[PDB]
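Each chain gets a letter, A, B and so on, in the order its sequence line appears, and its residues count up from 1. Hydrogens, waters and symmetry mates are skipped; everything else that's a heavy atom, side chains included, is used.
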Amino acid sequence: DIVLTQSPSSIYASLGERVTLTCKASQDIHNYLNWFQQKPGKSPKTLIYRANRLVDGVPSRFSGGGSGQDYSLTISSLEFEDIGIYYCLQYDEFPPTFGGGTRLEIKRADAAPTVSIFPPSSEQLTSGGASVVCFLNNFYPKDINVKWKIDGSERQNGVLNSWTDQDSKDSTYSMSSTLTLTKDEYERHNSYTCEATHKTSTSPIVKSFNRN
Amino acid sequence: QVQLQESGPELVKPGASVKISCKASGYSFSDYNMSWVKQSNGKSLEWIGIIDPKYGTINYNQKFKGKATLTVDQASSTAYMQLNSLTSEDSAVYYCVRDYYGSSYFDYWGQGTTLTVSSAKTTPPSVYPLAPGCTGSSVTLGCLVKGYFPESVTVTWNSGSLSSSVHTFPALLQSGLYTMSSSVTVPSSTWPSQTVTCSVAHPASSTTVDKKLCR
Amino acid sequence: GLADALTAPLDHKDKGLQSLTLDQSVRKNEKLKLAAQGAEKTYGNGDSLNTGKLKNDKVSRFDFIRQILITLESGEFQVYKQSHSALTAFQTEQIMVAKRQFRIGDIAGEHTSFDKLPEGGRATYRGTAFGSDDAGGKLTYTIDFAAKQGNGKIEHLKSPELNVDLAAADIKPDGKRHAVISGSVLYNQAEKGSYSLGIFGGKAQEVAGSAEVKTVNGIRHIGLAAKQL
C-alpha cells in the first residue's frame with residue numbers, strides 16, 4: 001500500500017498569515033490526491049481533488065499544488081473558520097490511503113494558567129476513595145508540567161491528566177490533573193500540593209491545602 | 001435533507017454484528033460510488049471499501065475483508081455496511097462518502113456513525129463537588145463525574161445558565177469506566193455567599209444528578 | 001527500428017513527429033533506461049526521444065527500467081506516434097515483486113494555438129485508444145470549429161467499462177494558450193471519469209491526450225490519439 005506522510009504535525013499561525021501544509025507519498029501518485037479539512041466532532045470536508053482542483057464553493061484562499069510524491073495545500077490568508085485538522089489522501093493505487101493529519105491552531109500571546117486545587121469531597125471519602133483535583137486553566141502555549149507533592153515529597157503515582165482543545169474564544173488551553181488515592185492513603189498525609197511550571201514564569205505556580 | 005444521512009450511534013458487545021446505513025437524498029444515488037471510511041480515536045483514517053450501486057461491483061481494502069460487507073438497496077437509495085465479529089478494535093466513527101467529480105472518489109461525506117464495542121455494563125456516575133477547602137477576585141469550582149458507562153454525559157452549571165466560563169475536560173477511561181471533570185469560574189461576589197449547582201445527565205442510566213457547591 | 005529510435009540521431013527527412021521531449025515520463029532525479037532489439041538508451045528529464053524512427057499510427061514497445069543507480073520499477077514503455085503529436089505510457093510489471101499499473105507519460109507535439117484555430121468547419125478524427133494490455137481501441141472524435149466544441153467516443157476495447165463516450169466540451173486555452181478540450185467521460189450515459197485532448201498541427205490535423213475512467217478498483221488510464229483522414 002502507498003504510505004502518505006504529513007509534516008509538520010501541528011502548525012500555529014496568526015489570523016491573516018500564509019500557511020502551507022505538506023504531504024508526501026511513498027511513490028509517484030500521478031496527482032491523485034485529495035485534501036480534507038475536519039473540525040472537532042464534525043465529518044471531514046473535501047477541499048481539493050486531483051491535487052490542485054478546488055471543490056466547488058471552497059474559498060479562493062485555498063489552493064493545492066505539487067506533483068510526483070510531494071504536494072502542498074496553501075491558505076493564502078488564514079481565517080478563523082480554517083482552524084481544524086487537514087488530511088491528505090492518495091487514490092492512485094487502491095486501497096486509497098490517508099496521511100496522519102496536520103493540525104492547524106491559532107497563535108496568541110502567552111498566558112499563565114489559573115491553578116486551583118480541590119480536596120476530596122466528604123461524599124467521595126464516605127465511599128472509600130480520595131481524588132485530589134487540580135485545574136490549570138486558560139494558559140498558552142499548550143506545553144505545561146504539573147507536579148504533585150504530598151508532605152513536600154513528589155507524588156509519583158496515580159495521576160490522570162486531561163487537556164481541552166484550543167478554546168474558540170481566547171485560543172487558550174486548559175488541563176485537569178487528578179491524583180487518585182485510597183481513602184487510607186489520603187489520610188496518611190497532611191499537605192497536598194499541585195505545582196505548575198509554564199514558560200510564562202521562571203517560578204512554579206503552587207497551590208496547596210493542609211488537611212488540618 | 002442532508003445528502004448522506006447515516007444511522008444512529010451503536011453500542012454493542014464483543015462478538016456482535018452491526019449494519020450501519022447511509023441514506024442518500026438530493027442526487028442520483030445509483031450514478032455515484034459509495035465508499036466507507038473508519039476513523040479511530042478521532043484521528044487516524046482508513047478506507048474500508050467501495051461499491052458501485054448501479055453495477056454492484058465492490059472493492060475491499062484487504063485489511064477489512066471478512067470484517068466488512070458492503071451492499072446497497074437501489075430502490076430506497078440506501079447504502080449499508082455490516083461489520084461482523086466485533087471487537088473493541090472496531091470501536092470508531094464510520095463515514096459513508098460518495099464521489100461527485102469525474103476525477104475524484106471522495107467528495108461528500110455522511111455525518112458519521114459512532115460504534116462502541118464493549119463488554120462494560122451501563123453504570124451511573126458518582127458525582128462529587130469540587131470546592132476549595134482546607135481565595136481571590138474569581139473562584140473556580142468543579143464537579144467530578146466518576147465511574148460511568150457508556151460515555152455520553154452532559155454537565156450543566158446553574159441549569160445551563162452558566163456556560164462562558166465552564167471547561168469540560170475529555171473523559172478518561174480506566175476500569176472499564178469513564179471519569180470526567182468540569183470546571184466553572186464565578187466572581188468572588190457570588191460564591192460562597194450563594195449556592196452554585198452542577199447538574200449531571202447520563203441518559204443511558206436515567207441519571208440527572210444535582211450537586212450543590214457549598215461552604 | 002525501435003533500436004534506431006534509441007541510437008540514431010534525428011533525421012530531418014524522417015517522418016514527423018521527429019522528436020518528443022520526455023518530461024512526465026522521467027522526473028527530475030530519475031533515469032529511464034529504454035531497451036529494444038538489442039539497443040539501450042538512457043534519459044534524462046528534458047531529454048528528447050527520437051520518434052522519427054518509429055512507425056506512425058502504431059504503438060512501439062520498449063522494455064523500461066526506471067531508476068534513481070537503483071531500480072524502482074520496470075515493465076513496458078509504450079509510444080504512439082502521429083505526424084504532429086505523440087504520447088507515451090508505462091505498463092509497470094515489477095517493483096522484485098509482480099505488480100501492474102498502466103499510466104500515461106507525456107502527451108507532446110506541435111500544439112495548435114487556441115488563437116490560431118480554424119475559424120469554422122467540422123473536423124472528424126479517427127485513431128487509437130490504448131490501455132493496459134490492449135492497443136486495439138478505436139477513437140473517433142469530432143471538433144466543430146465554429147462552436148469551438150469537441151465530442152467523441154472510444155470503442156473496441158476488451159474491457160467493457162473502457163468503452164466510453166467523450167462528452168461534448170468546449171475548446172479552451174491552457175497556460176500557454178494551446179488549444180485543449182477537457183471534458184466528461186460517460187459510461188452508459190452517466191459520468192464515470194474525465195478526458196483531456198490537445199489539438200495539434202498548424203491546421204489542427206490531430207488530437208492527442210488521455211481519458212481517466214473511475215472503477216471500483218481505481219482509475220484506469222486510456223491513451224488517445226487521432227488524426228483527420
Side-chain angles (χ1 to χ4, degrees), chain A residues 108-122 124-125 129-164 166-167 170-183 185-212, chain B residues 128-144 146 165-170 172 179-192 196 213-215:
Chain A
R108 65 171 320 292
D110 286 6
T114 296
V115 180
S116 304
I117 184 175
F118 305 90
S121 63
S122 47
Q124 188 180 23
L125 293 165
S131 302
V132 194
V133 175
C134 191
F135 291 138
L136 296 101
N137 285 343
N138 301 81
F139 56 92
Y140 184 94
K142 186 177 188 179
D143 187 31
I144 194 149
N145 184 258
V146 51
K147 290 203 237 284
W148 283 94
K149 290 180 183 169
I150 297 181
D151 292 331
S153 318
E154 246 185 83
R155 172 60 175 209
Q156 63 298 330
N157 283 322
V159 183
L160 300 169
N161 291 324
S162 187
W163 275 264
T164 58
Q166 189 171 41
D167 187 89
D170 69 8
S171 295
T172 59
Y173 298 91
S174 295
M175 174 197 176
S176 71
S177 190
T178 303
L179 167 60
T180 307
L181 300 190
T182 66
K183 207 250 222 85
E185 292 167 341
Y186 173 71
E187 287 179 336
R188 220 166 285 148
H189 314 281
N190 190 53
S191 73
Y192 286 82
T193 296
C194 178
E195 78 167 56
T197 305
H198 188 252
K199 80 181 294 183
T200 48
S201 191
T202 50
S203 301
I205 295 153
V206 182
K207 297 294 176 182
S208 296
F209 65 86
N210 285 324
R211 283 183 62 246
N212 73 342
Chain B
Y128 305 120
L130 302 172
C134 303
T135 226
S137 163
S138 287
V139 51
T140 292
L141 301 171
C143 277
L144 180 57
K146 179 168 200 287
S165 70
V166 171
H167 294 295
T168 277
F169 300 94
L172 291 168
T179 296
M180 162 180 305
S181 58
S182 171
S183 82
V184 66
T185 300
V186 299
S188 54
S189 71
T190 296
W191 195 89
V196 172
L213 274 294
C214 277
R215 101 170 212 75

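Counting non-hydrogen atoms of neighbouring residues, nucleotides and ligands closer than 6.0 angstrom, the CG atom of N145(A) exceeds 12 such neighbours.
Inspection of the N138(A) and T172(A) side chains reveals an N or O donor paired with an N or O acceptor under 3.5 Å.
Ring geometry, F135(A) versus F169(B): the interplanar angle falls under 30°, so the pair is classed parallel (tilted spans 30 to 60°).
For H167(B), there are no ring pair (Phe, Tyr, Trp, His ring centres under 6.0 Å) partners, not counting sequence neighbours. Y192(A) meets the ring pair (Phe, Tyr, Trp, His ring centres under 6.0 Å) test with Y186(A), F209(A); sequence neighbours excluded. Listed by chain and number, the residues in a side-chain contact (heavy atoms from CB on, under 4.5 Å) with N210(A) are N190(A), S191(A), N212(A) (sequence neighbours excluded). Judged as a side-chain contact (heavy atoms from CB on, under 4.5 Å), and not counting sequence neighbours, the contacts of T200(A) are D110(A), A112(A), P113(A), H198(A). Applying the side-chain contact (heavy atoms from CB on, under 4.5 Å) rule to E154(A) yields the partners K147(A), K149(A); only residues at least two apart in sequence or on another chain are considered.
With hydrogens and angles ignored, the 3.5 Å screen pairs a side-chain donor or acceptor of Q166(A) with a backbone N or O of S171(A). Judged by distance alone, with hydrogens and angles left aside, the side-chain atoms of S182(B) form no donor-acceptor pair with the main-chain N or O of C143(B) at under 3.5 Å. Between the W148(A) side chain and the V132(A) main chain, no donor and acceptor come within less than 3.5 Å of each other.
Looking at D167(A) and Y140(A), their side chains never come closer than 4.5 Å, going by heavy atoms from C-beta outward. Between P141(A) and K199(A), the closest side-chain pair of non-hydrogen atoms falls below 4.5 Å. At a threshold of 4.5 Å between non-hydrogen side-chain atoms, the residues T179(B) and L160(A) do not count as touching. Side chains of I117(A) and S208(A) form no contact here, defined as non-hydrogen atoms less than 4.5 Å apart. With contacts defined as side-chain heavy-atom distances shorter than 4.5 Å, the pair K142(A)/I144(A) does not qualify.
How far CZ of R188(A) is from OG1 of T182(A): 6.0 Å, rounded to the nearest 0.5 Å. The distance from atom OG of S183(B) to atom CG of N137(A), rounded to the nearest 0.5 Å, is 4.0 Å. Here the straight-line distance linking atom OG of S131(A) with atom CG of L181(A) works out to 8.0 Å at 0.5 Å rounding.
Between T164(A) and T168(B), the shortest heavy-atom contact is CG2-O, 4.0 Å. Taking all atoms of both residues into account, the shortest heavy-atom contact from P129(B) to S121(A) is O-CB, 3.6 Å. Minimum interatomic distance between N161(A) and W163(A) (heavy atoms only, all atoms of both residues): CB-CZ3, 3.6 Å. Of all heavy-atom pairs between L125(A) and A130(A), the closest is CD2-CB, 4.0 Å.
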Identify all side-chain donor-acceptor contacts of residues 133-142 of chain B below 3.5 Å with residues at least two apart in sequence or on another chain.
from: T140(B); atom 1: OG1; to: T185(B); atom 2: OG1; distance (Å): 2.9

